[PDB]
Every structure is written in C-alpha cells, then in structure tokens.
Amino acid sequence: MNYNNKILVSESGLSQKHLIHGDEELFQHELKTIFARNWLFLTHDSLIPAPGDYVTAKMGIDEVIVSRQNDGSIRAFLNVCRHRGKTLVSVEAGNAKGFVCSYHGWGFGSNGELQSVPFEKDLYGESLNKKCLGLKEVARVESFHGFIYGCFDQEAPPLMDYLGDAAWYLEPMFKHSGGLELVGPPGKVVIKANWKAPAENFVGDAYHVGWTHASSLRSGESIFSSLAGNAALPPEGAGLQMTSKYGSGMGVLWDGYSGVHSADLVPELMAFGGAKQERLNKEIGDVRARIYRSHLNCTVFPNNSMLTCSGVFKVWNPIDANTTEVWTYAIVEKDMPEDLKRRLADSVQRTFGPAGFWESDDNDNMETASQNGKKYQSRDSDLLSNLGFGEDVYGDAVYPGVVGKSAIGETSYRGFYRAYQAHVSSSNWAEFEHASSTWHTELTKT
C-alpha cells in the first residue's frame, strides 16, 4: 500500500476505510508514523516522586524505563541492554540507582550511563568506550501538570503546543483544581481490538452511551443514567465536542462531576466539585470553573484516554492490528480527603477496570469492529463519522478549537482521523505541518 497516495481517511475526516482496524502492514507503518513520532503517556509524578524511583512503560511496542533523576528531572530509556540486547528490567516499578543486566552483568545508571562492566580491566582493558554505550534514550520527556509524556522524535512540538486547543479544556481539572494524582498500579488486560477502536470511542463517542451501556446505566444509578436504553436524549445545551490540530479531542458533558460513579458516591462528589467550582469562579471565571466540574471524555492523541470526574485514565497499548493491552489507572484530585480518594479509585476500577462492568459493555463492539476490518468484503468499506458535519465552528469567542455545540456528535472523530491521515501520509513533522496548514477549514466545511 502506498501511504503517500492511499486515501484511508476521506476529506474532512468524514469516513475511514475499515481496513485501518485490521491491516497489519498499516499497523507496522503506524509504529513509524504514529508511535515513533507522537507524544505517548508514560507515568505521573505521583508514581515516581523520589530520586531513583522508576517504572516501566510501553511506547508503541517498545518498552522503556522511566526514572526520577537526582536533580528532580525524569529521563526515559529503552529497556534493552547495549551489549547483546537482553531486557534490563523485569519489574513494573521500584527504586534503584541503576540496573544490572542478568546476562553478562553490565551495570547502567538511573541516568542511562554504562557505569560498570564486570572485569572490565582484565577483559576489555581500556578499549571499551563506555561513554558511547549508554541506554538508548527517549529524546523528549515533558510534563503536563504531573502527567509525564515521552516522544522518540526530537522534532515534535512541545507537549503543550501538541495538546493545542484541548489544553484549555483540561487545565481547570489538571491545573486549577490544585492538581491531580495518578493512583496505581494500573489494571492490565489484553483485548482483541485495534488500539484505534477505544481511542476513537473515548475521543468523541457520546452517541453509544445510552445503548451500549444501557445495562450499566440501569444497574449502577450513576448521574448519566437517564440515558439507559436511549430512553431519553440529553437536552439541548447539555454539552459540546471539540477537536484540535494535532488530533486530541474530547466531549464535554456539563456539570457531570460524579460521572459513572454509582449513587454511593454521587452526593459526596457533587458536593465536593460544586464547592471547588464556587472558589474557582473568582479565579478562572464562571465558564472555566464549570468546565472543571464537567465530565470530559478525552483522547490525547494517539492512544491515551481519560474520563475526568469519573477519574478513568487509559493507555491503549498497541500489540498488533487486532490486539491491544489496556492499562487503567484512577485519577484523583490531590486535595480530596484520603478516604474519598480510596473509594474513587476502587470505583474507577469497578466501572472501567479489568472487571469494570461498564468497560465490559464495550468489548464486543471494539473487538468485532476491529476484526471485521480484516474480512475481505469489509476492507474497502467506509466507516462513517459524519454526524454533526457542517455545524462545527472554529475560533469561537468562548470555546476554542473546532467545536460542535452539541453533546452528541462525531466532531472529535473527524479531528482525530484528520490528524491520523496527515501523519500516516507524512515522513516527518514538517510534512505533517504542511499537510495540516488548513486543518480547521477542512473540518468546518459545508
């Protein structure tokens, strides 16, 4: 397949070829043009707060060690020995000043440097150039209010610019709330779906909620529960959708601070969020204080998703075109009482974790939509994302980005896939930029 020419996503992001969820050659191509190029979620400050603390993380199919340095910074390195390629670290988290390879005993620092080689003097003499044998380092590591992302491509925009118009929506919760903590360890489960299936769902899919999650809505008594079985449509003005230049997007459901949490947490959460909102009005204004306590379903392009207020935080780690390893953490506000944080974390896993009953509703949808992309008669078929097309705006006086002023639509699908196509058909960041110089105009056509 010629990725320069092949139209995998049609103009304005209106449709995508179904093969994108199934084609292994394209998956391999995504390793280069999506995962090696873009910002990927690694960890949070709260999980590696002290010098020497480390975790392992996936970046695409690669594994990295992410380590807190003595100077307070974070550096990340390929989890691969520079001698004969053995995996250095076999655990998920810990604290150490370095990592020793179990094959021939080479010792690397937390800073990636080759610090020791057994019997170096007797074996190598002065001939081993250890300065050139440090672990292969992730070129870019940056923080968004404690959330640590990495990028293998030195040419990438800074993380903040990459978030584009999405940052404005995230800041009330990520910054102005006083800050979030990530509660680990994550749940980890393999699903037989393409990574794009859950990514697209979290970025922009409110339409599915009442139907897909009918049983969880009816059974859990959460605040979006009026939707069960499409019994009722969220009223006019219940929310909006947004998307951005580099592909990140989200839905906003106004005021939905208790999110998917069952009635056992609703009064407590609605009290807490409302109290903080009242304080925030004076600081960031009424609209942004309201956004703080509004439910955001967001994907940070390509494969990091979240539900704010619900507190669900996801990494869709790619394995192959029909295999994804799902990591699920909880996010909590730092100034919440500890007992509330604990219950919120359990509730995140209860609803969206490995035995999350809500997430279970999505399984067959994501897996079969993905697997159908391999089927002969479906490869060249068109997945539709035209809902709300022709009603999006850009440059609004209040809400930035390409915005659909309605709670349910496919605005964020279009922006996600516009960026995806621009990357797949480009060889580097400069070409992506050239392919994106009229991004908002393309999305707001007709």
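All residue numbers are counted from 1 along the displayed sequence.
For the two regions 332 to 340 and 238 to 246, the entry's Cα B-factors average higher over 332 to 340. As listed in the deposited structure, the average C-alpha B-factor of 220 to 228 and of 81 to 89 is greater for 220 to 228. Across 179, 251, 354, 198, the entry's maximum B-factor at the CA atom is seen for 179. Across 129, 368, 297, 317, the greatest Cα temperature factor reported in the deposited entry is at 129. Per-chain ranking of the deposited C-alpha B factor places residue 111 in the highest third. Ranked against the other modelled residues of its chain, the C-alpha B-factor of residue 51 as given in the entry falls in the highest third. Per the deposited record, the Cα B-factor of residue 324 falls in the lowest third when ranked against the other modelled residues of its chain.
Remark: residue 30 belongs to the lowest third of its chain, ranked by C-alpha B-factor as recorded. For residue 393, the recorded CA temperature factor ranks within the middle third of the chain's modelled residues.
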